[PDB]
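**Q** Next up is a structure, given as structure tokens.
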Amino acid sequence: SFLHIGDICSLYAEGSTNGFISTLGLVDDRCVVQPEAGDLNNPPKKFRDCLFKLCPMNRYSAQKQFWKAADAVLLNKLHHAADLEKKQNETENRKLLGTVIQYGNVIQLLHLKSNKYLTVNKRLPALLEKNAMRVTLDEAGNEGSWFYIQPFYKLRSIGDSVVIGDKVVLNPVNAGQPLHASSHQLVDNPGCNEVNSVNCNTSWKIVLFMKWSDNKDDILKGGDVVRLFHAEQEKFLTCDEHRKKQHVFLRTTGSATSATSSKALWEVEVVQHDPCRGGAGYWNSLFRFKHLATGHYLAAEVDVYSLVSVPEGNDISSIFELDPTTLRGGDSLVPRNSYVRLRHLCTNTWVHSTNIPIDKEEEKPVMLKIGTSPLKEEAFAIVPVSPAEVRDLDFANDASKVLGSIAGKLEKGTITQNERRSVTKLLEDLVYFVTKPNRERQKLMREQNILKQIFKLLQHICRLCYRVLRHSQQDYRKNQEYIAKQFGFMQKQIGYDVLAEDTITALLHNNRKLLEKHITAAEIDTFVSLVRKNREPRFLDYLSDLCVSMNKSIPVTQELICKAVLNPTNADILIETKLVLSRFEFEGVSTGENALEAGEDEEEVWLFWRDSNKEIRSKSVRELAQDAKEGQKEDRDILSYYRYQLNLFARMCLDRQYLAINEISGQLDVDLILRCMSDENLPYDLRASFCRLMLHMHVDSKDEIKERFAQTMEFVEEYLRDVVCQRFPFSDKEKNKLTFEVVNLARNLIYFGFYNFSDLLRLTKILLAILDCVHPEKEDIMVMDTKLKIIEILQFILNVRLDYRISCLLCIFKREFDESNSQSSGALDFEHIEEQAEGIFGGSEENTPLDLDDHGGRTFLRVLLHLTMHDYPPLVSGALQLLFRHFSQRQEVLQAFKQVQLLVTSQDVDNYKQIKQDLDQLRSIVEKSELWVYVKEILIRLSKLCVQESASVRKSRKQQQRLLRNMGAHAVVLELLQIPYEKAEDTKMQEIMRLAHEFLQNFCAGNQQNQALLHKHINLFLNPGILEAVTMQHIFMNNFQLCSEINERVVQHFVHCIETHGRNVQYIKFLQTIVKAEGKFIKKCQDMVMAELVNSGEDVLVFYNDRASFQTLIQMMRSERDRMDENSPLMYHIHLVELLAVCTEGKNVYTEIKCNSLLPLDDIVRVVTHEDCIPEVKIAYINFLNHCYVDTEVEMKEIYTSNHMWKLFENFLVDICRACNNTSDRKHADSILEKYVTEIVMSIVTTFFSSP
């Protein structure tokens, strides 16, 4: 037994000092010897701490010069040394396994459990023994891991290979010789004797382990940690504590992909005759299973037999030997992450993995049992825990012990200076360790005792808490909740720094619309008070940064008037213009107390002051000043937006909205796509670049804002002069900032003001050359700015080009031929458009203003709601413009009457395209509105919209892609909607699902969501009492539509899984009466109930017969269903009874396999001639046509329904007539109906004698 390299193993002192060695943790990185915890025979329960590995000289000399000090080039070079040596290490160390070592040789050493080499520092002196300088494990390299070694035992004198781990002394090639141990033990952390390196009468015995084989990646590591589950039934067994008594168990989780649960990891031991032998699970190797978290082995005997937990190690009767269902030869050594069975070594009790759960009184509980019965006859594959995840998780834990140990103290007293150093260190490392870097690290915080710990400790070091938080809280919106009671702290906190700022700063951009709104009123006293006390107005500053939706404004706005008295800005500000220039000169200085001091105020007053972009009078009227000359930092463009929101809001209807525009777009050779690819999916720069190259190969006073526009054009020219200078260095965000703001704005500026007779188009021929003369690793971070300038180039080019470009050659030039010319070079429609002007006035509307909003606006519903049966006059989007202003809130008590104007549901295509951008948004405004609303227009209106949109194309009803939320309107709607029901008159709950749910008009065109989609739903009223009204019709329909389909047999059950054989009762169990109670009806909602009830068998006949569930309806249901067939002349029953003939069908054709009931055909045949139908054609159709369709069989009809053949007379009376019945004369052209009815008398005639 000779040890080797990349092979490694545990050591123990000689004479008195012998202890197992064990790393303390990440909180505690200090060496501990223990003679009490262990011996040669016992190796502790978790000896895997201080699992060490022998390595060769891991050189860090080029690093060397990198580390001591650690120009710009120097850091690339010294760094290149760094990658040469850590990566050269790779190559050396991994290739190094299996090398013989003698004594005296110089070899580094890495730690298995912490992958850390032992470090001896000859400069610093340890803290426990003053004399042996510092002993510390240092992963990066160090001068001390490297060590001359010297032979303890005299038989292994110099010059043999170590065999059998000869106790011998090793010295780092740094401090001096041997190692030495001493009576030191600590007080807070006792149990652990000392390690030292000084001149010494001690000893060190080589215990074997971790070989050149070693882990060998091929076979399950003898001691690594490993989740356990099934190919067959996952059965991942966790050992969890419940009801206050330990449970071990396996079950269902609400694991092969992504990441499993944390308590699942369990440590592996390999049966071993000695403390620390080195091996793997092998056939006959034997098997050991502990609980890492608890350090508890499994011990699995009897409930027949079932697995019970061993708490204490070294028990053979708790061992198990593998079985395993796929045997394979390459490797006689078992395969890691391979399915595998296992069973008690020690009680003839074989482990069993099954659906049965041990737990009681638990639902979907965390155990499905699987306990070791004697049996002998599953599909589990051993999985282990990842080292990335185990060092990171390990860290959150140690971190934990610190923080808990460092708060508790805090509440208690003082942290102590030496302890002071280790806690402050702790928290800056955690900022380090925090690298939105990865999912397991940030999760670690919360689940592990990183945050949990912090949260114990919250009652310098604050900096560390904050940095860990923001880094590790990119995707976690839980910390917001801290603000209700933790916010108290911030006031004290607010006095110490602006750090809470950074937190508020992450939360304003990511979170908006009612996030601590009540705090907004408070936000005034904190931005004024936070400005004045801060001096630099930290708190306020971040406050302006956030901005947000409108919610900031209404509340935030208050603060500003306060600012006027509290800001008290009275030191040096006037000129009016010239002293501004002087001031830019004094501030210009780069070194200090110049550019830096002025800058804060500058960048802040620019962005913030731009602020209120949409309201003109606050910003437009207060901002009389917007007269800046040669400004910078794009403040102005945003300011301009502010002034702009007033008026301006001109909107747009799309350029092409007739038949001619299709012909134009086609003559133009497309092009919208060429722009639209870069822009739309640009992603990285290159996608857009391609469109650049192609583009390169080409050939040649309306308002007060105009005056500013001329200077704008000139400034654009000065950018173009900037462009002639071509450079990719700095300045791209001052030029590209000014220009980014400016450029979006230029789009908007060209479209908000323009010139006709080709003066706008001329500003365009020049803009063609500005757009022609404008301006990936680092270019991602840079690439946000770059995407802003390509998108603004596209926004200019899109508002001018698309909003109104290149449209006059045809409109402006025309040929006048044949009928007295007809060139230009809805009856009295022109007169109707001044009302359109009343619409443009309604778009720009501010609230709380007397003028005429009370009664005059009234809402021109009639005029707008009356206009009907016209063509999309190219302004569908013009229409659309009107709709957008009303999205603020739909609850104002009168909107509908005005909104009633909209009505006009006659042009679904044109409008629909416009409505396409806002479908998803219309679902969210439904969700908040449609969930409850009908201040409720949005629900009624959403209903109108689903009914019109439903009969508005096929692709549109199927394109919502169901990933658009559906289960949340059926469950969310279902929880308030199952309780409440709607009955006639005017049953409200008819079109929320059903009007859409009209299967694509006659009807089903795919059932997309016909199995997984109807995963669960709301209930129909039943048991005690009785069912509901004007929900029975649409409901029975709705039942057949929740799951119906020819592809999926799942439909018949998912529409009526419950019935099977008793369905009929609920309808025979009072149908009309239900209709009666809610709306006074009865037979109306029962008869309607039977239209929709009807057509389950002959329509979507596929949602029916394909899977067999005919145990109790083939014989007992055919005579029973008849119960209640006494209707007559019922229109409501006409979609049931009169539509039965047509709409409700399927009995005789659908069942021909069993013939055990009789005499039904007679009562039916009588019923068809009593109630009637339309003249001749329907009469035959209601009774004769079901006969022609049905008639195919021939023999099956004659065997039953003795004398059932009443319908033959229909062909002489019912099937023929004059033009209709007697001589009414309704259907002019009959060759289609009679021609289709005669090719059906041939297709019908073809098979009668020998069916089909």
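Residue positions begin at 1 at the first shown residue.
Cβ coordinates come from backbone N, Cα and C, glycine included.
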**Q** Going by Swiss-Prot, point out which residue in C50, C1085, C1217 is annotated as S-palmitoyl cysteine.
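**A** Going through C50, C1085, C1217 one by one, Swiss-Prot annotates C50 as S-palmitoyl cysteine.
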**Q** According to Swiss-Prot, which residue out of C9, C725, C773 bears the annotation S-palmitoyl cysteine?
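**A** Annotated as S-palmitoyl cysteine in Swiss-Prot: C725.
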**Q** Compare the C-alpha of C50 (S-palmitoyl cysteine) with the C-alpha of each of the binding-site residues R656, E927, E930, and give the closest one.
**A** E927
**Q** Quick check for the class: what is the C-alpha distance, in angstrom and rounded, between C725 (S-palmitoyl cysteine) and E930 (Ca(2+) 1 binding site)?
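**A** About 56 Å separate the Cα atoms of these two residues.
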**Q** Between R656 (Ca(2+) 1 binding site) and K778 (ubiquitin cross-link), how far is it from one CA atom to the other, in Å?
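**A** Roughly 41 Å, rounded to the nearest whole number.
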**Q** If you draw a 10 Å sphere around the Cβ of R656 (Ca(2+) 1 binding site), how many other Cβ atoms fall inside it, taking every protein chain shown into account?
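**A** Excluding its own Cβ, the number within 10 Å is 15.
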**Q** Ignoring the 15 unmodelled residues, how many Å lie between the Cα of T435 and the Cα of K436?
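**A** Spelled out: 15 residues absent, and the flanking Cα atoms 7 Å apart.
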**Q** Within 10 Å of each Cβ, count the other Cβ atoms and name the one among the recorded sites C50, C725 with the highest count.
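**A** That would be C50, with the most Cβ atoms nearby.
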**Q** What's the end-to-end span in Å, taking the Cα of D700 and the Cα of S701, for the 33-residue unmodelled region?
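**A** Cα to Cα, the distance spanning the unmodelled stretch is 28 Å.
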**Q** Which residue among the binding-site residues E927, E930 has the fewest other Cβ atoms within 10 Å of its Cβ, if you could check?
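**A** It is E927 that, of the binding-site residues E927, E930, has the fewest other Cβ atoms within 10 Å.
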**Q** Measuring Cα to Cα, how far is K778 (ubiquitin cross-link) from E927 (Ca(2+) 1 binding site) in Å?
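**A** That separation, Cα to Cα, works out to 41 Å.
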**Q** Over all shown protein chains, what is the count of other CB atoms within 10 A of the CB belonging to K778 (ubiquitin cross-link)?
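**A** I get 7 for this one.
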**Q** Please list, for the domain 'MIR 2' (159-209), how many residues fall into helix, strand and coil according to DSSP.
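**A** DSSP classes over the domain 'MIR 2' (159-209) add up to 0 helix, 6 strand, 45 coil.
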